[PDB]
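Data file: coords38.tsv. Format and content: TSV, C-alpha atoms.
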```tsv
chain	number	residue	atom	x	y	z
R	467	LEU	CA	-15.01	-17.66	7.30
R	468	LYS	CA	-17.61	-20.16	8.55
R	469	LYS	CA	-19.99	-18.26	6.24
R	474	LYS	CA	-30.74	-13.41	-2.85
R	475	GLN	CA	-27.27	-11.90	-3.40
R	476	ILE	CA	-26.12	-8.99	-1.21
R	477	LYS	CA	-22.36	-9.49	-1.73
R	478	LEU	CA	-22.23	-7.34	-4.87
R	479	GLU	CA	-23.26	-3.76	-4.08
R	480	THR	CA	-22.40	-0.74	-6.19
R	481	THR	CA	-22.37	2.85	-4.94
R	482	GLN	CA	-20.99	5.90	-6.86
R	483	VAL	CA	-18.86	5.19	-9.94
R	484	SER	CA	-16.47	8.18	-10.41
R	485	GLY	CA	-15.28	8.74	-13.99
R	486	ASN	CA	-14.70	11.33	-16.70
R	487	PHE	CA	-16.02	12.53	-20.07
R	488	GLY	CA	-14.41	14.20	-23.07
R	489	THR	CA	-14.46	17.72	-24.55
R	490	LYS	CA	-12.38	19.79	-26.99
R	491	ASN	CA	-9.76	22.18	-25.61
R	492	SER	CA	-8.42	24.25	-28.53
R	493	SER	CA	-8.84	22.11	-31.69
R	494	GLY	CA	-10.38	18.80	-32.74
R	495	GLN	CA	-8.45	17.41	-29.77
R	496	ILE	CA	-10.22	15.57	-26.94
R	497	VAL	CA	-9.26	15.71	-23.25
R	498	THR	CA	-10.50	13.62	-20.34
R	499	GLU	CA	-8.50	15.17	-17.48
R	500	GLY	CA	-10.63	17.29	-15.13
R	501	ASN	CA	-13.98	16.15	-16.56
R	502	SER	CA	-15.40	14.30	-13.56
R	503	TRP	CA	-18.99	13.22	-14.19
R	504	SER	CA	-19.51	13.23	-10.41
R	505	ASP	CA	-20.12	16.99	-10.54
R	506	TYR	CA	-23.05	17.06	-12.97
R	507	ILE	CA	-24.72	13.91	-11.60
R	508	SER	CA	-26.34	15.48	-8.54
R	509	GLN	CA	-27.63	18.35	-10.68
R	510	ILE	CA	-29.40	16.04	-13.11
R	511	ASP	CA	-31.52	13.62	-11.07
R	512	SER	CA	-33.13	16.56	-9.24
R	513	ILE	CA	-34.11	18.34	-12.48
R	514	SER	CA	-35.02	15.13	-14.35
R	515	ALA	CA	-36.85	11.82	-14.09
R	516	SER	CA	-35.58	8.26	-14.40
R	517	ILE	CA	-37.06	6.02	-17.11
P	364	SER	CA	21.96	-58.76	30.73
P	365	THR	CA	20.49	-57.81	27.35
P	366	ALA	CA	17.42	-55.57	27.42
P	367	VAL	CA	15.49	-53.80	24.67
P	368	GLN	CA	12.83	-51.07	24.89
P	369	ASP	CA	10.72	-49.58	22.10
P	370	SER	CA	8.62	-46.60	23.18
P	371	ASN	CA	6.24	-44.73	20.89
P	372	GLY	CA	4.13	-41.70	21.76
P	373	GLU	CA	1.93	-39.01	20.25
P	374	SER	CA	1.69	-35.43	21.48
P	375	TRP	CA	-0.95	-32.73	21.13
P	376	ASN	CA	-0.65	-28.98	21.69
P	377	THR	CA	-3.12	-26.12	21.17
P	378	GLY	CA	-1.66	-22.62	21.38
P	379	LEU	CA	-3.07	-19.09	21.59
P	380	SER	CA	-1.06	-15.85	21.55
P	381	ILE	CA	-2.47	-12.32	21.77
P	382	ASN	CA	-1.28	-8.73	21.22
P	383	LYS	CA	-2.48	-6.61	24.14
P	384	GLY	CA	-1.77	-3.57	21.96
P	385	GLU	CA	-3.49	-4.62	18.72
P	386	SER	CA	-6.02	-6.98	20.29
P	387	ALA	CA	-8.78	-6.51	17.70
P	388	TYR	CA	-9.50	-4.55	14.52
P	389	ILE	CA	-12.55	-2.31	14.20
P	390	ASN	CA	-14.82	-2.01	11.16
P	391	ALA	CA	-17.76	0.40	11.03
P	392	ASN	CA	-20.96	0.45	8.97
P	393	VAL	CA	-22.05	4.01	8.35
P	394	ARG	CA	-24.69	6.04	6.53
P	395	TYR	CA	-24.11	9.68	5.58
P	396	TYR	CA	-26.94	12.18	5.44
P	397	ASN	CA	-27.50	15.83	4.52
P	398	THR	CA	-30.29	18.04	5.83
P	399	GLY	CA	-29.42	21.51	4.52
P	400	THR	CA	-29.94	23.32	1.23
P	401	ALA	CA	-26.79	22.59	-0.73
P	402	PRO	CA	-25.34	19.48	-2.37
P	403	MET	CA	-21.92	18.48	-1.11
P	404	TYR	CA	-19.35	16.89	-3.40
P	405	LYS	CA	-16.44	14.68	-2.30
P	406	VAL	CA	-17.80	14.17	1.20
P	407	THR	CA	-15.16	13.43	3.86
P	408	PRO	CA	-16.35	13.26	7.49
P	409	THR	CA	-13.99	13.06	10.45
P	410	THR	CA	-15.25	10.59	13.03
P	411	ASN	CA	-14.79	10.83	16.80
P	412	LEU	CA	-14.98	7.29	18.25
P	413	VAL	CA	-15.70	7.13	22.00
P	414	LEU	CA	-15.83	4.05	24.21
P	415	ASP	CA	-16.35	5.16	27.84
P	416	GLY	CA	-15.38	8.82	27.84
P	417	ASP	CA	-12.12	8.57	25.93
P	418	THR	CA	-11.64	8.39	22.15
P	419	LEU	CA	-10.46	5.22	20.40
P	420	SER	CA	-9.19	7.16	17.38
P	421	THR	CA	-10.34	9.67	14.76
P	422	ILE	CA	-10.78	8.70	11.10
P	423	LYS	CA	-10.78	11.25	8.31
P	424	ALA	CA	-12.06	8.65	5.85
P	425	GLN	CA	-9.96	8.05	2.75
P	426	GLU	CA	-10.96	7.51	-0.87
P	427	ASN	CA	-12.79	4.26	-0.04
P	428	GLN	CA	-15.38	5.56	2.45
P	429	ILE	CA	-15.59	8.84	0.52
P	430	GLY	CA	-18.81	10.24	-0.90
P	431	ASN	CA	-18.88	11.56	-4.46
P	432	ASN	CA	-22.12	13.53	-4.28
P	433	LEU	CA	-24.88	14.06	-1.73
P	434	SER	CA	-28.04	15.86	-2.82
P	435	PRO	CA	-30.04	17.59	-0.06
P	436	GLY	CA	-32.32	15.11	1.68
P	437	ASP	CA	-30.48	12.16	0.10
P	438	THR	CA	-28.08	9.81	1.88
P	439	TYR	CA	-24.84	8.01	1.16
P	440	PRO	CA	-25.20	5.25	0.38
P	441	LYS	CA	-28.50	6.27	-1.24
P	442	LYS	CA	-31.90	5.13	-0.05
P	443	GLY	CA	-31.81	1.62	-1.50
P	444	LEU	CA	-28.48	0.19	-0.39
P	445	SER	CA	-27.05	-0.94	2.93
P	446	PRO	CA	-24.57	1.23	4.89
P	447	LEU	CA	-20.97	1.36	3.71
P	448	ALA	CA	-17.82	0.22	5.55
P	449	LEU	CA	-15.24	2.40	7.33
P	450	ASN	CA	-12.59	-0.30	7.72
P	451	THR	CA	-9.26	1.52	8.28
P	452	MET	CA	-7.70	4.59	9.95
P	453	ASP	CA	-4.72	6.01	7.99
P	454	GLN	CA	-4.57	7.87	4.68
P	455	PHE	CA	-4.00	4.80	2.42
P	456	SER	CA	-6.68	2.31	3.66
P	457	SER	CA	-4.23	-0.40	4.79
P	458	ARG	CA	-4.42	-0.66	8.60
P	459	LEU	CA	-7.66	-1.35	10.49
P	460	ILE	CA	-8.68	0.54	13.65
P	461	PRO	CA	-7.10	-1.00	16.81
P	462	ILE	CA	-8.02	-1.19	20.54
P	463	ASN	CA	-6.34	-2.02	23.85
P	464	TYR	CA	-6.40	-5.39	25.59
P	465	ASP	CA	-8.58	-4.18	28.46
P	466	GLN	CA	-10.54	-2.25	25.83
P	467	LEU	CA	-12.04	-5.43	24.34
P	468	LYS	CA	-13.82	-6.43	27.56
P	469	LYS	CA	-16.15	-3.51	26.73
P	479	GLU	CA	-19.53	11.22	16.80
P	480	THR	CA	-19.22	13.56	13.83
P	481	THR	CA	-16.98	16.64	13.70
P	482	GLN	CA	-16.22	18.72	10.55
P	483	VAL	CA	-17.19	17.22	7.18
P	484	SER	CA	-14.84	18.71	4.52
P	485	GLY	CA	-16.26	18.79	0.98
P	486	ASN	CA	-16.70	20.91	-2.14
P	487	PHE	CA	-19.33	22.76	-4.20
P	488	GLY	CA	-19.64	23.58	-7.89
P	489	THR	CA	-19.33	26.75	-9.98
P	490	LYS	CA	-18.84	27.67	-13.64
P	491	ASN	CA	-15.32	28.44	-14.90
P	492	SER	CA	-15.62	29.74	-18.48
P	493	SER	CA	-18.83	28.21	-19.95
P	494	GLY	CA	-21.79	26.11	-18.85
P	495	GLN	CA	-19.11	23.83	-17.38
P	496	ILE	CA	-19.06	22.95	-13.67
P	497	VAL	CA	-15.93	22.41	-11.56
P	498	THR	CA	-15.57	21.06	-8.03
P	499	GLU	CA	-11.80	21.31	-7.58
P	500	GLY	CA	-10.77	24.08	-5.19
P	501	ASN	CA	-14.27	24.76	-3.86
P	502	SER	CA	-13.90	23.67	-0.24
P	503	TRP	CA	-17.01	24.51	1.76
P	504	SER	CA	-14.83	24.59	4.88
P	505	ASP	CA	-13.84	28.18	4.04
P	506	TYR	CA	-17.28	29.77	3.99
P	507	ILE	CA	-18.65	27.75	6.93
P	508	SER	CA	-17.04	29.75	9.74
P	509	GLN	CA	-18.18	32.99	8.08
P	510	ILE	CA	-21.82	31.95	8.02
P	511	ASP	CA	-22.74	30.76	11.51
P	512	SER	CA	-21.41	34.01	12.99
P	513	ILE	CA	-23.51	36.20	10.65
P	514	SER	CA	-26.56	33.91	10.76
P	515	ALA	CA	-28.84	31.88	13.02
P	516	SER	CA	-29.62	28.17	13.06
P	517	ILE	CA	-33.23	27.06	12.59
J	313	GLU	CA	2.53	-6.68	25.48
J	314	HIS	CA	2.49	-10.17	23.96
J	315	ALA	CA	0.68	-12.84	26.00
J	316	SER	CA	0.21	-16.50	25.13
J	317	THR	CA	-1.07	-19.78	26.55
J	318	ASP	CA	0.08	-23.26	25.48
J	319	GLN	CA	-1.69	-26.42	26.65
J	320	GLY	CA	-1.47	-29.92	25.21
J	321	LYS	CA	-2.15	-33.53	26.12
J	322	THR	CA	0.48	-36.25	25.71
J	323	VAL	CA	0.22	-40.05	25.58
J	324	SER	CA	3.12	-42.53	25.43
J	325	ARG	CA	2.88	-46.31	25.32
J	326	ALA	CA	6.16	-48.12	25.93
J	327	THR	CA	6.91	-51.86	26.04
J	328	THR	CA	10.21	-53.41	27.07
J	329	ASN	CA	11.49	-56.98	26.89
J	330	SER	CA	14.49	-58.25	28.83
J	331	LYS	CA	16.57	-61.41	29.19
J	332	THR	CA	19.06	-61.70	32.06
J	333	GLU	CA	21.54	-64.57	32.34
J	334	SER	CA	23.05	-65.38	35.74
J	335	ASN	CA	25.99	-67.69	36.46
J	336	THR	CA	27.06	-67.63	40.11
J	337	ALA	CA	29.52	-69.75	42.08
J	338	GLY	CA	30.00	-69.96	45.84
J	339	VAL	CA	32.48	-71.70	48.14
J	340	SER	CA	31.67	-72.51	51.78
J	341	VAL	CA	33.31	-74.35	54.69
J	342	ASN	CA	32.04	-75.64	58.04
J	343	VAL	CA	34.92	-75.89	60.52
J	344	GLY	CA	34.79	-77.67	63.88
J	352	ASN	CA	33.58	-80.09	56.23
J	353	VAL	CA	33.63	-78.16	52.94
J	354	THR	CA	30.76	-77.41	50.55
J	355	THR	CA	30.82	-75.69	47.16
J	356	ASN	CA	28.19	-74.81	44.57
J	357	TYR	CA	27.40	-72.81	41.45
J	358	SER	CA	23.96	-71.78	40.18
J	359	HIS	CA	22.65	-70.75	36.77
J	360	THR	CA	19.60	-68.54	36.25
J	361	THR	CA	17.66	-67.57	33.11
J	362	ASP	CA	15.01	-64.84	33.30
J	363	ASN	CA	13.01	-63.36	30.41
J	364	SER	CA	11.06	-60.27	31.50
J	365	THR	CA	8.23	-58.58	29.60
J	366	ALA	CA	7.20	-55.14	30.85
J	367	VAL	CA	4.81	-52.52	29.46
J	368	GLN	CA	4.35	-48.86	30.43
J	369	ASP	CA	1.72	-46.39	29.19
J	370	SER	CA	2.27	-42.83	30.37
J	371	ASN	CA	-0.03	-39.93	29.56
J	372	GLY	CA	0.40	-36.31	30.57
J	373	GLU	CA	-0.97	-32.82	30.00
J	374	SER	CA	1.09	-29.63	29.99
J	375	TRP	CA	0.23	-25.98	30.54
J	376	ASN	CA	2.25	-22.88	29.66
J	377	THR	CA	1.46	-19.15	29.91
J	378	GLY	CA	3.88	-16.82	28.16
J	379	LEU	CA	4.50	-13.06	28.11
J	380	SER	CA	6.99	-11.21	25.90
J	381	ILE	CA	7.62	-7.46	25.88
J	382	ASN	CA	9.40	-4.87	23.69
J	383	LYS	CA	11.42	-2.57	25.95
J	384	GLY	CA	11.60	-0.17	23.00
J	385	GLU	CA	7.93	-0.11	21.96
J	386	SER	CA	6.46	-1.00	25.36
J	387	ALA	CA	3.17	0.88	24.95
J	388	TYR	CA	1.35	3.08	22.46
J	389	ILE	CA	0.07	6.53	23.39
J	390	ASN	CA	-3.30	8.04	22.43
J	391	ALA	CA	-4.30	11.58	23.40
J	392	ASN	CA	-7.69	13.27	23.80
J	393	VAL	CA	-7.40	16.94	22.93
J	394	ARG	CA	-9.51	20.09	22.59
J	395	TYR	CA	-8.36	23.03	20.47
J	396	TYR	CA	-9.28	26.60	21.33
J	397	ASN	CA	-8.83	30.09	19.89
J	398	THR	CA	-8.87	33.31	21.90
J	399	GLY	CA	-7.86	35.97	19.36
J	400	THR	CA	-9.68	37.97	16.72
J	401	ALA	CA	-9.30	35.89	13.59
J	402	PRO	CA	-10.68	32.54	12.43
J	403	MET	CA	-8.06	29.96	11.58
J	404	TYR	CA	-8.59	27.44	8.79
J	405	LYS	CA	-6.86	24.04	8.51
J	406	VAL	CA	-5.58	24.09	12.08
J	407	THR	CA	-2.42	22.03	12.66
J	408	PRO	CA	-0.81	22.29	16.11
J	409	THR	CA	2.59	20.83	16.95
J	410	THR	CA	2.57	19.16	20.35
J	411	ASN	CA	5.49	18.96	22.79
J	412	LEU	CA	4.97	15.90	25.01
J	413	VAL	CA	6.96	15.93	28.28
J	414	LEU	CA	7.18	13.21	30.90
J	415	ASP	CA	9.70	14.26	33.57
J	416	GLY	CA	11.74	16.99	31.91
J	417	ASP	CA	12.42	15.26	28.60
J	418	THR	CA	10.12	15.05	25.57
J	419	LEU	CA	8.47	11.79	24.49
J	420	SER	CA	8.01	13.01	20.91
J	421	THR	CA	6.49	15.89	18.92
J	422	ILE	CA	3.38	15.43	16.77
J	423	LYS	CA	2.49	17.79	13.96
J	424	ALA	CA	-0.98	16.26	13.69
J	425	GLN	CA	-1.97	14.85	10.30
J	426	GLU	CA	-5.24	15.04	8.38
J	427	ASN	CA	-7.09	13.06	11.07
J	428	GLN	CA	-6.56	15.33	14.09
J	429	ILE	CA	-6.69	18.39	11.82
J	430	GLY	CA	-9.14	21.24	12.30
J	431	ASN	CA	-11.08	22.59	9.32
J	432	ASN	CA	-12.24	25.88	10.82
J	433	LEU	CA	-12.07	27.57	14.21
J	434	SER	CA	-14.09	30.72	14.79
J	435	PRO	CA	-12.85	33.07	17.53
J	436	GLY	CA	-14.08	31.94	20.92
J	437	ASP	CA	-15.11	28.54	19.52
J	438	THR	CA	-13.31	25.24	20.08
J	439	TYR	CA	-12.46	22.12	18.12
J	440	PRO	CA	-14.27	19.93	18.58
J	441	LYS	CA	-17.06	22.48	19.07
J	442	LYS	CA	-18.84	23.10	22.34
J	443	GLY	CA	-21.12	20.06	22.25
J	444	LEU	CA	-18.82	17.14	21.49
J	445	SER	CA	-16.12	15.30	23.42
J	446	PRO	CA	-12.41	15.89	22.73
J	447	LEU	CA	-10.87	14.31	19.64
J	448	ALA	CA	-8.09	11.70	19.45
J	449	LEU	CA	-4.42	12.27	18.55
J	450	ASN	CA	-3.52	8.61	18.04
J	451	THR	CA	-0.34	8.57	15.90
J	452	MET	CA	2.95	10.40	15.28
J	453	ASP	CA	4.07	10.29	11.61
J	454	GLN	CA	2.67	11.99	8.51
J	455	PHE	CA	0.32	9.14	7.41
J	456	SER	CA	-1.50	8.21	10.70
J	457	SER	CA	-0.25	4.61	10.84
J	458	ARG	CA	2.08	4.28	13.86
J	459	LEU	CA	1.04	5.18	17.42
J	460	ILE	CA	3.25	7.17	19.82
J	461	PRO	CA	5.77	4.91	21.65
J	462	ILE	CA	7.62	5.01	25.02
J	463	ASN	CA	10.58	3.30	26.69
J	464	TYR	CA	10.40	0.32	29.02
J	465	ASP	CA	11.41	2.30	32.11
J	466	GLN	CA	9.16	5.06	30.77
T	313	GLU	CA	15.49	-5.25	23.87
T	314	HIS	CA	13.10	-8.21	23.78
T	315	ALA	CA	12.29	-9.76	27.17
T	316	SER	CA	10.00	-12.70	27.88
T	317	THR	CA	8.86	-15.02	30.68
T	318	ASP	CA	7.54	-18.56	30.20
T	319	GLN	CA	5.97	-20.52	33.07
T	320	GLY	CA	3.78	-23.60	32.92
T	321	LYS	CA	2.57	-26.50	35.04
T	322	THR	CA	2.92	-30.13	33.94
T	323	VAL	CA	1.20	-33.32	35.12
T	324	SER	CA	1.99	-36.88	33.98
T	325	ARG	CA	0.30	-40.06	35.15
T	326	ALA	CA	2.09	-43.27	34.16
T	327	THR	CA	1.19	-46.89	34.88
T	328	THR	CA	3.37	-49.90	34.12
T	329	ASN	CA	2.69	-53.62	34.25
T	330	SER	CA	5.40	-56.27	34.25
T	331	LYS	CA	5.73	-60.06	34.20
T	332	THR	CA	9.12	-61.65	34.90
T	333	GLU	CA	9.77	-65.37	34.46
T	334	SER	CA	12.69	-66.97	36.30
T	335	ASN	CA	14.15	-70.45	35.75
T	336	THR	CA	17.29	-71.08	37.79
T	337	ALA	CA	19.36	-74.21	38.37
T	338	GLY	CA	22.09	-74.81	40.94
T	339	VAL	CA	24.54	-77.64	41.66
T	340	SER	CA	26.15	-78.12	45.08
T	341	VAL	CA	28.42	-80.66	46.79
T	342	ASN	CA	29.36	-81.34	50.42
T	343	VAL	CA	32.76	-83.06	50.59
T	344	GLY	CA	34.23	-84.71	53.68
T	352	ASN	CA	27.40	-85.89	49.45
T	353	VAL	CA	25.98	-84.07	46.41
T	354	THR	CA	22.86	-81.91	46.15
T	355	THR	CA	21.28	-80.28	43.10
T	356	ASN	CA	18.22	-78.11	42.51
T	357	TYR	CA	16.41	-75.83	40.08
T	358	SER	CA	13.78	-73.22	40.92
T	359	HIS	CA	11.06	-71.52	38.87
T	360	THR	CA	9.63	-68.09	39.68
T	361	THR	CA	6.67	-66.17	38.24
T	362	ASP	CA	6.17	-62.50	39.18
T	363	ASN	CA	3.54	-60.10	37.82
```
Turn the structure described in the file into structure tokens.
Amino acid sequence: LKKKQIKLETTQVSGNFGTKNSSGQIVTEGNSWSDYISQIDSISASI
Amino acid sequence: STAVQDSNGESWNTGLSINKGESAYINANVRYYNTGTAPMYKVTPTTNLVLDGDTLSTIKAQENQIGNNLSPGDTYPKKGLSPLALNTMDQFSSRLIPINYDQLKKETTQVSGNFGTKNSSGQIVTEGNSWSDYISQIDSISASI
Amino acid sequence: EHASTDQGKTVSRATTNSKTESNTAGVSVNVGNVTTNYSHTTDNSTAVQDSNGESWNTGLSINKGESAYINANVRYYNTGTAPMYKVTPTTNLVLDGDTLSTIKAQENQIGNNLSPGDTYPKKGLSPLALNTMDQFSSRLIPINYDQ
Amino acid sequence: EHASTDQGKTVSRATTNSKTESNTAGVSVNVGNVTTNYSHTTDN
């Protein structure tokens, strides 16, 4: 308690996306981005 | 004889009490790494913690120290950041890691995670894909290089 | 255990005033002439004290119920033909003849996989730690006072 | 149960000064001659 900015650091950000299940309905449950992330950066480039 | 006294004083007191059982709380700063061929998802390492020869405790890290994804050759946290914090010991992240009174004078086992397959389309799923199943099969039919 | 020390300085100034009145009266006789008297005395007394002390105190309190917390260091092993996955051994803990408690280890002391002839932890490491007793890994294993 | 022991040394120095003033006065008589006096005393 006696004590640039290193307080705020941000690692992985788990979340979900949305697809259609059987109609024009949208669902978010089960759509973790965290799965496709690791695939992408190794087959892509960051700009 | 009539006599009258009027005293007035001021006291000080500095106290210190200690729990020989929970005498301090541990907090680690760790960096995960992967050397093999496959990416691991939802990384959860169990952590043997040894002082002299004995083991302070063992932490199967909870959702806080967890690792979402770990490409081969990458690290968690990734190359740019500082190591993360393993602050607690039980399955809800409430109680920090304790040590004995005489302890204060003074390792990585299994790493449960998941992989990814396709269910009915070009979709990928990680749920239910524990690596821990296929591991024991492999090392007995293979060799380490 | 619970240990504690308590140390603290003290300082106390104290003044006191006093007035004492004294009326006496004596009666004497020389035989072989009589003499009598009576005196009167008035004294006002100012006095001042200044004490200062320092105390020490070392305390120790104990719970005869939860008098210590147990922590094991264990090594699993398998001798049979089949690999076991998600290994969870229940552990009878005996002091004299009785049983301290029984721990169905939780996710922390669990074992992911155990090939036949292998151990957990495997051959290279040191034994792991069974630190707690209930299903969330929060409360260490207790014993009696006379235990 | 909950058991506890508490033991601790104490030390207290204490000085005191005092000044007492004393004015007395007596009256005597020898019958068969009168004598009177009054003293004054100062003690620190």
inquiry  = Please determine, counting all atoms listed in the file, which residue among P:516, P:438, P:508, P:457 has the shortest atom-to-atom distance to chain R.
reply    = P:438
Residue among R:492, R:474, R:508, R:487 lying closest to chain P, counting all atoms listed in the file = R:508
Using all atoms listed in the file, which chain J residues lie at most 9 Å away from chain T, written as a short mmCIF file (atom, residue, chain, number, x, y, z; two decimals) with C-alpha atoms, in the frame of the given file?
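Output below, filename selection02.cif:
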```cif
data_model
loop_
_atom_site.label_atom_id
_atom_site.label_comp_id
_atom_site.auth_asym_id
_atom_site.auth_seq_id
_atom_site.Cartn_x
_atom_site.Cartn_y
_atom_site.Cartn_z
CA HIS J 314 2.49 -10.17 23.96
CA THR J 317 -1.07 -19.78 26.55
CA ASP J 318 0.08 -23.26 25.48
CA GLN J 319 -1.69 -26.42 26.65
CA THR J 322 0.48 -36.25 25.71
CA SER J 324 3.12 -42.53 25.43
CA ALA J 326 6.16 -48.12 25.93
CA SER J 330 14.49 -58.25 28.83
CA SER J 334 23.05 -65.38 35.74
CA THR J 336 27.06 -67.63 40.11
CA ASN J 352 33.58 -80.09 56.23
CA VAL J 353 33.63 -78.16 52.94
CA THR J 354 30.76 -77.41 50.55
CA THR J 355 30.82 -75.69 47.16
CA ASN J 356 28.19 -74.81 44.57
CA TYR J 357 27.40 -72.81 41.45
CA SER J 358 23.96 -71.78 40.18
CA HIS J 359 22.65 -70.75 36.77
CA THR J 360 19.60 -68.54 36.25
CA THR J 361 17.66 -67.57 33.11
CA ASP J 362 15.01 -64.84 33.30
CA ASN J 363 13.01 -63.36 30.41
CA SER J 364 11.06 -60.27 31.50
CA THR J 365 8.23 -58.58 29.60
CA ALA J 366 7.20 -55.14 30.85
CA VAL J 367 4.81 -52.52 29.46
CA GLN J 368 4.35 -48.86 30.43
CA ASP J 369 1.72 -46.39 29.19
CA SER J 370 2.27 -42.83 30.37
CA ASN J 371 -0.03 -39.93 29.56
CA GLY J 372 0.40 -36.31 30.57
CA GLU J 373 -0.97 -32.82 30.00
CA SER J 374 1.09 -29.63 29.99
CA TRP J 375 0.23 -25.98 30.54
CA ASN J 376 2.25 -22.88 29.66
CA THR J 377 1.46 -19.15 29.91
CA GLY J 378 3.88 -16.82 28.16
CA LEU J 379 4.50 -13.06 28.11
CA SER J 380 6.99 -11.21 25.90
CA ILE J 381 7.62 -7.46 25.88
CA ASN J 382 9.40 -4.87 23.69
CA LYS J 383 11.42 -2.57 25.95
CA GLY J 384 11.60 -0.17 23.00
#
```
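Picture a line from CA of residue 420 (chain P) to CA of residue 408 (chain J); it runs 17.3 Å.
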request  = Select all residues from chain J having any atom no more than 7 Å from an atom of chain P (counting all atoms listed in the file, ignoring ligands), output as an MDAnalysis selection string.
outcome  = chainID J and resid 313:333 392 426:428 431:432 434 440 447:448 450 455:457
inquiry  = With only C-alpha atoms considered, list every residue of chain R at most 10 Å from chain P, as a PyMOL selection string.
reply    = chain R and resi 476+479-484+500-509+511-512
request  = Kindly give the distance, in Å, that separates CA of residue 396 (chain J) and CA of residue 436 (chain J), rounded to a single decimal.
outcome  = 7.2 Å
Give me region 317-333 of chain J from this structure - N, CA and C atoms, as a short mmCIF file (atom, residue, chain, number, x, y, z; two decimals), in the first residue's frame.
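Wrote it out as result_38.cif, contents follow:
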```cif
data_model
loop_
_atom_site.label_atom_id
_atom_site.label_comp_id
_atom_site.auth_asym_id
_atom_site.auth_seq_id
_atom_site.Cartn_x
_atom_site.Cartn_y
_atom_site.Cartn_z
N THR J 317 1.93 -10.27 20.81
CA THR J 317 2.72 -9.46 21.73
C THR J 317 2.06 -8.09 21.89
N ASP J 318 2.12 -7.55 23.10
CA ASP J 318 1.49 -6.26 23.41
C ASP J 318 2.45 -5.47 24.30
N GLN J 319 2.95 -4.35 23.78
CA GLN J 319 3.90 -3.52 24.51
C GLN J 319 3.53 -2.05 24.34
N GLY J 320 3.52 -1.31 25.44
CA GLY J 320 3.13 0.09 25.39
C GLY J 320 3.59 0.95 26.54
N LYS J 321 4.13 2.12 26.22
CA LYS J 321 4.59 3.06 27.22
C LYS J 321 3.41 3.77 27.88
N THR J 322 3.62 4.19 29.13
CA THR J 322 2.64 4.96 29.88
C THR J 322 3.34 6.12 30.58
N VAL J 323 2.62 7.23 30.73
CA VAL J 323 3.12 8.42 31.41
C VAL J 323 1.96 9.06 32.16
N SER J 324 2.18 9.38 33.44
CA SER J 324 1.12 9.93 34.29
C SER J 324 1.70 11.00 35.20
N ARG J 325 1.38 12.26 34.91
CA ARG J 325 1.60 13.36 35.83
C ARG J 325 0.46 13.43 36.84
N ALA J 326 0.77 13.83 38.07
CA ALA J 326 -0.24 13.88 39.12
C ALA J 326 0.19 14.87 40.19
N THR J 327 -0.57 15.96 40.34
CA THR J 327 -0.35 16.93 41.40
C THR J 327 -1.40 16.75 42.49
N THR J 328 -1.03 17.12 43.71
CA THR J 328 -1.95 17.05 44.84
C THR J 328 -1.67 18.20 45.80
N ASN J 329 -2.73 18.92 46.16
CA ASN J 329 -2.67 19.94 47.19
C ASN J 329 -3.34 19.41 48.45
N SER J 330 -2.94 19.96 49.59
CA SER J 330 -3.47 19.51 50.87
C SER J 330 -3.42 20.66 51.87
N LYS J 331 -4.44 20.73 52.72
CA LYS J 331 -4.45 21.63 53.87
C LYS J 331 -4.91 20.85 55.09
N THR J 332 -4.09 20.84 56.14
CA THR J 332 -4.36 20.09 57.36
C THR J 332 -4.41 21.05 58.54
N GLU J 333 -5.53 21.05 59.25
CA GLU J 333 -5.72 21.88 60.43
C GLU J 333 -5.51 21.02 61.67
#
```
